[PDB]
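Report on the following structure.
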Amino acid sequence: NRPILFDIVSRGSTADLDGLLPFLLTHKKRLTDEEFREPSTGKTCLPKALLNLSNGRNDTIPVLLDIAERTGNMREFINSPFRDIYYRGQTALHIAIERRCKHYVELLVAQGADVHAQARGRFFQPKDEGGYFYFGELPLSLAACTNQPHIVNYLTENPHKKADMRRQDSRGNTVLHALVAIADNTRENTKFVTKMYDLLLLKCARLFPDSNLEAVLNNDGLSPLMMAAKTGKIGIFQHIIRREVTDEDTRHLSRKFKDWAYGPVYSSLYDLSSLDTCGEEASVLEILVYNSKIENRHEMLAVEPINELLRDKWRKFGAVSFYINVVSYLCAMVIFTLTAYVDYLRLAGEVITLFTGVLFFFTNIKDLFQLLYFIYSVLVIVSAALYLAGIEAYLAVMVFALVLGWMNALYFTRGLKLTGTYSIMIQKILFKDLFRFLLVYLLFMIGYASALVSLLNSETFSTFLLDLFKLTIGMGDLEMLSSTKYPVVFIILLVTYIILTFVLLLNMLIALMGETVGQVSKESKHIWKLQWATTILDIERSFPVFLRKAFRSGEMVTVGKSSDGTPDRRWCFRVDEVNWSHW
Amino acid sequence: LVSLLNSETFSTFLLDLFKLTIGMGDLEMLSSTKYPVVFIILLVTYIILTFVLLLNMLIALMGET
Amino acid sequence: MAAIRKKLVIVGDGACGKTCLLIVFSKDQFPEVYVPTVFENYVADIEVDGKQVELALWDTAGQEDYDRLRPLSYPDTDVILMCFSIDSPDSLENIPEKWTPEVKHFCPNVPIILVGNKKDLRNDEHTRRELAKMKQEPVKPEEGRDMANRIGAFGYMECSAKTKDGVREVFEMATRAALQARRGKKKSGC
Ligand SMILES: Nc1nc2c(ncn2[C@@H]2O[C@H](COP(=O)(O)OP(=O)(O)O)[C@@H](O)[C@H]2O)c(=O)[nH]1
Ligand SMILES: [Mg+2]
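Just so you know, the protein sequences line up as chains B, D and F, in that order.
Reading the first sequence from the start, the letters are residues 150 to 490, 506 to 532, 549 to 637, 663 to 788 in the authors' numbering.
Reading the second sequence from the start, the letters are residues 632 to 637, 663 to 721 in the authors' numbering.
Residues in the third sequence are numbered from 1 upward in steps of one, following the authors' numbering.
Printed below as a string of structure tokens:
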């Protein structure tokens, strides 16, 4: 019976299988029948045999294959997938590869086993989706992921049925995508992954001269380099960016060339294909600092061709055009300041004030703490309706908005290098500590106001509250105290309340420097570059294609004669480095 | 604040506002205001903003500078 | 270039030729002696318009114990051939009644091709006499056309496993429908 066969397969004893074929032929049963398969997952005999091995050797496999060929169900026998959601789609070849049995992998390949079978069960998804191990759901990608080069070589060089390296799964990821996915920042992992990546790329180049594997994209539309940048896998991204290959036939696949040297000074070209602004395709630099959500983002800018690109951009826009954007808000602030205040000219400027607010809102909607700026734009609107009405409350709206504008000036300070750290520190304090401290203090103050009211024994509370604020200033006299049923208790409390409000706020400053600014102090320089980078990117985004094309960084270079014969002309950005060591 | 009150009228307000920062001076401006209800919150808010930004300077000075 | 894998599944009443229809498509040889209850784990190569597609053909039967396991063949389905028999009118009316709700329940937003098999038997004297015994007639093409529009069918064709008539075109349209990636989403949440 099925349990007996499963136990026999578990032991590995070929002798116990004797007589199986006569039984099956007499009963006209198949090894793929439901009875023999395990109902829970559809598991067949061969997976059970593969999962158990004695010193990596199981003698039942050839007998199982022989009887499966005898009955004539070998195709169904080897292609039978698991149907459980947990292990959906798994086949014998997946187990054979996972167990590092080269000879068994070769045997299964020789016996017509499907080589493009997918395993899309929930156990094979990424961590985010609840799965445990993700490798691309292909046997070739599985072999590549688990550091098994011989199996990859065999699968790609077998005579019976080769496995196209370009094959894509349901997600659209190719083998390179999976390699990027499983990589991490640990040194050994990055080393092995890089070696596997280079071997795979060269093999694909030899097999497919016309095509370029990295060009292939997934359903989401990511190239391996772009995904590596997004997900934060630093090592593989750095290796992909500085790929250099000596082989002449595959020279076009590498990125960083070396043009000339004059002794201790070298000048090496780099490749900005899919790495620069004003390009229709997504930019790696842009996605690295727009939707990265990577904890290693700060270290991704240290790469040679990445860091310098921003300085070259800095010359064009950074240091010369920040003035203009700053000045625009200064002029808008003046136009608004004229509000409170040549009747015709004054009215024209008054119209210009509403126009400037509307322009700020129009560019705000296009761009979408810009929610603060959104609040400013929101507040502008009500004034026009109430001004047409003649209502008297439009002034309050204008007050809120005006103070918001002068406060927005701080955002302009942030862009400049000198004030870049101070502005960000002020904002962080206003958001992390200051916000929570104010939130708590407001409720505490309201409750203590109620306590003071009780001691005095809505309007009676309003007078007390306003005069208590004056008391905090100290200008106001103690009118409340005189009209109190029990001042003796209140007097100590009133001093105590002031101490508690102040001392908790005094602690905030101590809390801010270490608890909140402790991490800011260390990473401020990295954050400032990020802040500078985001500001630089927005300037280029605003300019139209013609304006962007005016200042495409780097110089076009014909790296060398291509296979077609027309030299490959990447847009390259030269990098100059000198090094006395070596020759 | 001048707009809320609704050159010399600004000079009086400015000098008395400096006195207000000291606290010795009385709130003469507030009495002569078209819309004090909005101003009252703002006047406190303005003082907080001036001081808290200056309070941050001390934190900024020790570490950043 | 690089073959794309599309999953095709066939659902229909028994004895309407689903297994035979796939079998003729697979080896182009009518089995005159032995027909398995199900034809599984086969992938066929087809090219329609400049694209090479590997079509994985699943098969569903419900004679005995297969109905319990039928649902777990629906996931990750790319295209469906809902099949019935032209020489058996009883098959048609059950499609809207029972077959459709199960297909929609387990796998919605999937293309469906409604097909009627064995066009030869509608003109056969034996089948015509048998249906006339109950005051019935073979499923008319007009009824099939009306049904296809009624239940949102992608296309309606007719097959003949014995004569190998229209099989290539039917599966050709099946994969053509499969290659379309639906239309985004409807009434998606925010
Ligand atoms: N004469 C004739 N018989 C057919 C044809 N196609 C199918 N059949 C018969 O239909 C019977 C069962 O069809 P089958 O493949 O089992 O359909 P299934 O039960 O849905 O899988 C077979 O025994 C065939 O003889 C055909 O084109 N001509
Ligand atoms: Mg059948």
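Ideal Cβ positions, reconstructed from N, Cα and C, are used throughout, including at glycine.
The alpha helix (DSSP H) runs of length 4 or more contained entirely in the region 550 to 596 of chain B are, from start to end of the chain, 550 to 569 and 574 to 595. Taking 7 angstroms as the threshold, the shortest C-beta distance from residue 181 of chain F to chain B does not fall below it. Between residue 12 of chain F and residue 84 of chain F a beta carbon distance of about 6 angstroms is seen, short of the 8 angstroms cut, so the two are scored as contacting. Here DSSP, grouped into helix, strand and coil, assigns residue 107 of chain F to coil.
Residues are counted here when their Cβ sits less than 8 angstroms from a Cβ of chain B; for the region 33 to 58 of chain F these are 40, 41, 42, 43 and 54, given in chain order. An exposed status is given to residue 674 of chain D, since fewer than 16 other beta-carbon atoms sit within 10 Å of its beta-carbon.
Residue 633 of chain B places its beta carbon less than 7 angstroms from that of residue 669 of chain B. For residue 607 of chain B, the enclosing alpha helix (DSSP H) covers residues 600 to 611. Contact residues of the region 312 to 325 of chain B toward chain F are 313, 315, 316, 317 and 319 (C-beta to C-beta distance below 8 angstroms). Rounded to whole angstroms, the Cβ separation of residue 63 of chain F and residue 3 of chain F is 34 angstroms, and the two are not in contact under 8 angstroms.
Set against 6 angstroms, the gap from the CB of residue 15 of chain F to the closest heavy atom of ligand 2 is not smaller.
Interface criterion not met: the Cβ of residue 271 of chain B is under 7 angstroms from no Cβ in chain F.
Contact annotation for residue 761 of chain B against chain D: no contact, minimum CB-CB distance about 42 angstroms [criterion: below 7 angstroms]. Separation of the CB atoms of residue 58 of chain F and residue 21 of chain F is rounded to 13 angstroms, and the pair is thereby denied contact status at 8 angstroms. Taking a beta-carbon distance threshold of 7 angstroms, residue 753 of chain B does not count as an interface residue toward chain F. Non-local beta-carbon contacts of residue 447 of chain B in its own chain, meaning distances under 6 angstroms to residues more than five positions away in sequence, involve 731 in chain order. In the displayed model, residue 467 of chain B falls within a helix according to three-state DSSP. Listed in chain order, the alpha helix (DSSP H) elements of length 4 or more contained wholly in the region 155 to 179 of chain B are 169 to 176.
Where residue 250 of chain B is concerned, there is no enclosing beta strand (DSSP E), because DSSP gives it neither an H nor an E.
In terms of Cβ geometry, residue 48 of chain F and residue 143 of chain F do not form a close pair [threshold 7 angstroms]. Proximity to ligand 2 was defined by a C-beta distance below 5 angstroms to any of its heavy atoms, and the residues meeting it, in sequence along the chain, are F:19, F:37 and F:61. Your pair residue 383 of chain B and residue 482 of chain B does not check out as a contact, with CB atoms roughly 43 angstroms apart and the cut at 8 angstroms.
As for any alpha helix (DSSP H) of minimum length 4 sitting wholly inside the region 17 to 57 of chain F, the runs are 18 to 27, ordered along the chain. Here the alpha carbons of residue 72 of chain F and residue 66 of chain F stand approximately 11 angstroms from one another.
Within 6 angstroms of the C-beta of residue 352 of chain B there is not a single heavy atom belonging to ligand 1. Within the chosen limit of 6 angstroms, ligand 1 reaches the beta carbon of residue 160 of chain F through at least one heavy atom. Cα atoms of residue 243 of chain B and residue 361 of chain B: separation of roughly 27 angstroms, rounded to the nearest angstrom. Collapsing the DSSP output to three states places residue 280 of chain B in coil. Nearest CB-CB separation between residue 222 of chain B and chain F: not below the 7 angstroms threshold.
Here residue 333 of chain B carries a coil assignment [DSSP, helix/strand/coil]. For residue 720 of chain D, at least one C-beta of chain B is nearer than 7 angstroms to its own C-beta. Between residue 744 of chain B and the set B:272, B:158, B:688 and B:472, the nearest pair of CA atoms involves B:472. The C-beta separation of residue 415 of chain B from residue 760 of chain B comes to about 17 angstroms, leaving the pair out of contact by the 8 angstroms criterion.
Taking 7 angstroms as the CB threshold, residue 634 of chain D lines the interface with chain B. A straight line joining the alpha-carbon of residue 178 of chain F with that of residue 113 of chain F spans about 10 angstroms. Judged by their CB atoms, residue 55 of chain F and residue 163 of chain F are not nearer to each other than the 7 angstroms cut-off.
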